[PDB]
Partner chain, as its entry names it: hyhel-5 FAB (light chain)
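The chain below stands alone and is given in structure tokens; this is the form deposited without its partner chain.
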């Protein structure tokens, strides 16, 4: 499903991403735009045989099990297919796990390049929230 900007922001808000760990809602929406263009079915195969899934392009090498990635790690304890749903529950629970573990949102390179240090309030402009 291709979410609309405000629709995804409202869904992420309902799931408690608003200022989770000090990362405002706009940071999350900005990240999703540049990672998947708000497309929940987005998948990106990598040379290492890993695939990035969903709105936040969560990698199968360490975060979810897709049955075809070397290493067999699944830190979020979910099948990668759960990240392709129009229901963002699993994506949010997993992203909260990622952001708590390493260099915050720096885990998303798209976020680092186009979001970090910029006025992200603009991402939730005109949204009822």
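Positions refer to the first chain, counted from 1.
The same protein has a further form, the form deposited with its partner chain bound, not shown here; the description that follows concerns it.
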(request) Give a yes or no for residue 100: in the bound PDB entry, does one of its heavy atoms lie within 4.5 Å of a heavy atom belonging to its partner chain? (result) no
(request) Flag residue 46 as yes or no: does it have a non-hydrogen atom within 4.5 angstroms of any non-hydrogen atom of its partner chain in the bound PDB entry? (result) yes
(message) Heavy atom within 4.5 Å of its partner chain in the bound PDB entry: which residues of 1-25 meet that condition, in order?
(response) none
